[PDB]
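> I would like to see how this sequence folds:
(chains A and B, ligands or ions: 4)
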Amino acid sequence: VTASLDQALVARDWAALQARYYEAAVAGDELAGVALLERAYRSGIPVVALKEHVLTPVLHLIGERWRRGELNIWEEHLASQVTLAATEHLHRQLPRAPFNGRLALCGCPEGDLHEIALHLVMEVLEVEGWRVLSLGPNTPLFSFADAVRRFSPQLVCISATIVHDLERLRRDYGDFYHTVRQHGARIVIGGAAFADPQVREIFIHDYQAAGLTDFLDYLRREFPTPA
Amino acid sequence: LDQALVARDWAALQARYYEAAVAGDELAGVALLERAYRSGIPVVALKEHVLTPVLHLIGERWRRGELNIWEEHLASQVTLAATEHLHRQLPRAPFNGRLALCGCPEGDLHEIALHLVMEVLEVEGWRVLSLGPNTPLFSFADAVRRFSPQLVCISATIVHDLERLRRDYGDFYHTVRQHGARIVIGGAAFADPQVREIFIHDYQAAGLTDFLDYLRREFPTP
Ligand code: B12
Ligand code: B12
Ligand SMILES: C[C@H]1O[C@@H](n2cnc3c(N)ncnc32)[C@H](O)[C@@H]1O
Ligand SMILES: C[C@H]1O[C@@H](n2cnc3c(N)ncnc32)[C@H](O)[C@@H]1O
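Numbers count the residues shown, from 1 in each chain, chains lettered A, B, ... in the order given. Ligands and ions are numbered 1, 2, ... in the order given. See the structure here:
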C-alpha cells in the first residue's frame, strides 16, 4: 500500500517526509523512524539534507505545537529519544573520510539541555574524518577550557539553544578564549541562542553557522584535506 | 588485561574503564567491555561491578575536588555511547509481546541507569518506550493511556518536588492499574523514605540482577 512514500522521496517532497517522520517520532517508533531515514539515504538523499530538511523542521514544529497546546510533553520526549537513536543508527552505517589527524571538542553551554543539534554536528564532523570529544550538553565554559588544555583540540563547537547566564559567561569567556588561541584552535557556534546579539557578542567566535551546509563550507575552507 | 579478565579482577577492570571514560575515549571503552563479555562475563555483571562502581567513584571524587566536571561529562558520554554500541552486538531473546515504558522524574538529568535497564529489557525480548529523563509524572500517565504498557520503570537519582509528586501520584497510579500495568522503581532517590513512600510500587530494585529475578517471577518467559 505504501510506495507513496517512494514518490515523496523521488519528488524531494520535504513536507510528506516531515509528516511521516513526525508520525513515527511522536509515537515512539524508533524502527519506523530509522526505516524512513535509511530508505531516503539509499534513494540518494544526502544525510545533511535529511538533517536540515526533515529532522530539524519536524522538531521545530513539535516545539511550535507544544507551545500552542496542540502537542504534549510526552510526545516531544518520545520524538527526542527516537531522533537521537535513529540518527546514530544511521550514522554507524555511513562511510567516512580517512582520519584527518584533527580533534573537535563539542558541547552545549551550562544550563542548556537541548543536544540533538549537537549530535547532528558531531556526526557530520566524524563523516569528514575528525576525531570528536563530546562534553555533551550543560557544560560550563571553564569545563571547555579545562578540556582544551588537556587535549589541545583544533576546533571547539558550541551548540546553544538556551542562554541566560550572561554575566557568568561574560566573565569565564576571557580564560576560555585565551586557552583556545594559545592552543591554536578555532571556535564555531550555532543554534537559536545566537539570534540574541548580546549572546553572540559574548561568544567570540571564528564562525557562526546557520546550519550544517554552511558549517561544511566553513570546514572545507578552514580545514581542507588533500584529496 | 586478559589476566584481569581471567582473574575477574573488577578493580583492574574498573580502573581501565575509568581511564577510558575520563579520557573521552569511546572506542577503548567499548573494546574493554566487549572483550570482557567475550571472555565470559555477562553484560549485567559488567554493568553492576564495572560501570556502576566507576561512575559512583567519579561522583565521589568530583565531590572531594579530586576530579572536575569536564572529566565526568566525558565519562557520561563515553558510557552512553559505549553501552549502546555493545548492546547492538548482543543476542536477544525473541519478542515476548510485552511493552515497558521507561523514564526518570521531572528535573532529574541522571539517565545512565535508565539506559542500563532498558537495554536489559530488550535483551529479555521486551519492546521499550523511552520517555527519557525529566519526565513529569502526568506525562508518564498520558503515555500509559496510549501504548497500554505491561510495565512502567522509573529511575530516580534526584527528587525534591515532594508536594507535587504526592498530589500527582494518585492519578498516575490509578491509570497504571486500570491498564493492569506494573510499577518498578530503582536508583538512589528511593533511599529517602518520604520519596519511596510516594512511589507506590510493585518492585524496588537494588540493581539489575534482582530486577531480572523480579521479571522472571512476574513475567514468565513465554
Ligand atoms: C526537543 C526540545 C526539548 C527537549 C530536548 C531533549 C534533548 N535531549 O535534546 C527538552 C525536554 C530537554 C527541552 C527542554 C526545554 N526546552 Co525545549 N524544545 C525542544 C525542541 C522541540 C527541539 C530541539 C531540537 O532538537 N531542535 C533540533 C535542532 C537540530 O534544531 P536547531 O537547534 O535549530 O539546530 C540547527 C541550527 O541551529 C544549526 N546548529 C545548531 N547548533 C549548532 C552548533 C554548531 C557548532 C553548528 C555549526 C550548527 C548548529 O544546525 C541545525 C540544523 O541546521 C525545541 C523546538 C526548536 N525550535 O528546536 C524546543 C525549545 C528550544 N524548547 C523550549 C523550551 C521553552 C524549553 C523548556 C524551558 C521548557 C520548560 N521546561 O518549561 C526546557 C528548558 C531545558 C533547558 N534548560 O535547556 C523552547 C525555547 C523557546 C525560547 N527560546 O524561549 C523551544 C523553542 C520550544 C518552543 N518553541 O517553545 N526541550
Ligand atoms: C554522571 C552524574 C551526573 C551527570 C549525568 C549524566 C547523564 N546524562 O546521565 C549530570 C552532569 C547531569 C549530573 C548532574 C548533577 N548531579 Co550528578 N552525578 C553523576 C554520577 C557521577 C553518575 C550517575 C550514574 O550514571 N550512576 C551510575 C548508575 C548506573 O548507578 P545507579 O544510579 O546506582 O543505578 C544502579 C541502581 O540504582 C539500579 N537502578 C537505578 N535506577 C533504576 C531504575 C530501575 C527501574 C531499576 C530496575 C534499577 C535501577 O541499577 C544500577 C545497578 O547497576 C552520580 C554519582 C553516583 N553516585 O551515581 C552523580 C550524583 C548522582 N550527582 C549528584 C549531584 C549533586 C548532581 C548535581 C546537583 C550537581 C550540580 N550541582 O549541578 C546535578 C543535578 C542534575 C539533575 N537535576 O539531575 C550527586 C547527588 C548527591 C545527592 N543526592 O545529594 C551524586 C551522587 C554525586 C556525589 N557523589 O555527590 N550528575
Ligand atoms: C521545549 C520542550 O520542553 C518540554 N517541556 C516543557 N515543559 C516541561 C516540563 N515541565 N518537564 C519536562 N519537559 C518539559 C516540552 O515537551 C517542549 O516541547
Ligand atoms: C554530579 C555531577 O554533576 C556535575 N556537575 C556539577 N556541577 C555542575 C555544573 N555547574 N554544570 C554541569 N555539571 C555539573 C559534576 O561533573 C558531577 O560529577
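
> Please make it C-alpha for all contacts and neighbour counts, starting now.
Will do.

> quick one: contacts for the closest residue in space to residue A:72 that isn't next to it in sequence?
Once flanking residues are discounted, residue A:72 sits nearest to residue A:66: 5.5 Å by C-alpha to C-alpha, 6 or more residues apart in numbering or on different chains. With contacts defined as C-alpha atoms under 8 Å, 6 or more residues apart in numbering or on different chains, residue A:66 is in contact with A:72, A:73, A:76.

> Closest one of the residues you listed to residue A:26?
Each of these was scored against residue A:26 by C-alpha to C-alpha, and residue A:76 proved nearest at 6.3 Å.

> Touching the strand ranked longest in chain A from outside, list them.
Using DSSP state E to define each element, chain A has its longest strand at strand A:131-139. Here strand A:131-139 makes contact (C-alpha under 8 Å, 6+ apart) with A:99, A:101-115, A:118, A:122, A:125-126, A:144, B:24-25, B:70, B:73-74, B:77.

> In strands only, show me those residues.
A:103, A:104, A:105, A:106, A:107, A:108, A:109.

> quick one: which of those residues is most hemmed in?
residue A:108 (29 neighbours; other C-alpha atoms under 10 Å in any protein chain shown).

> Do a quick rundown of the helices in chain A.
Using DSSP state H, the helices of chain A run over A:4-11, A:14-25, A:30-42, A:47-50, A:56-68, A:73-91, A:116-127, A:141-151, A:166-182, A:197-202, A:212-222.

> Please enumerate residues in contact with the last one?
Taking contacts as C-alpha under 8 Å, 6+ apart, the residues outside helix A:212-222 that touch it are A:48, A:52, A:121, A:124, A:207, A:209.

> Same check on the shortest one?
Where contact means C-alpha under 8 Å, 6+ apart, the residues beyond helix A:47-50 that reach it are A:37, A:40, A:41, A:124, A:212, A:213.

> so who does residue A:200 touch?
Listed by C-alpha under 8 Å, 6+ apart, the contact partners of residue A:200 are A:193, A:194.

> ok, which residues in chain A are in contact with ligand 1?
A:52, A:56, A:59-60, A:62-64, A:67, A:80, A:111-118, A:157-162, A:188-192, A:209-212, A:215 (C-alpha under 6 Å from any ligand atom).

> Which among those count as buried?
A:56, A:59, A:62-63, A:80, A:112-118, A:157-162, A:188-191, A:209, A:211-212, A:215 (16 or more other C-alpha atoms under 10 Å in any protein chain shown).

> Ignoring the adjacent residues along the chain, who's closest to the spatially most central residue of chain A?
For chain A, residue A:117 is the residue whose C-alpha lies nearest the centre (C-alpha atoms, centre = their mean; 2.5 Å). The shortest distance from residue A:117 to any non-neighbouring residue, by C-alpha to C-alpha, 6+ apart, is to residue A:159 (6.9 Å).

> residues touching that neighbour, list them.
A:106, A:107, A:108, A:109, A:115, A:117, A:118, A:189, A:190, A:191.

> That one pairs with what?
Beta-bridge pairing of residue A:159 under DSSP bridges involves residue A:190.

> That one and ligand 4: what is the separation?
Noted for residue A:159: a distance of 15 Å to ligand 4, by C-alpha to the nearest ligand atom, to the nearest Å.

> picking up where we left off before, hmm, the longest strand of chain A in reach of ligand 2?
No: applying C-alpha under 6 Å from any ligand atom, one finds strand A:131-139 separated from ligand 2 by no less than 7.2 Å.
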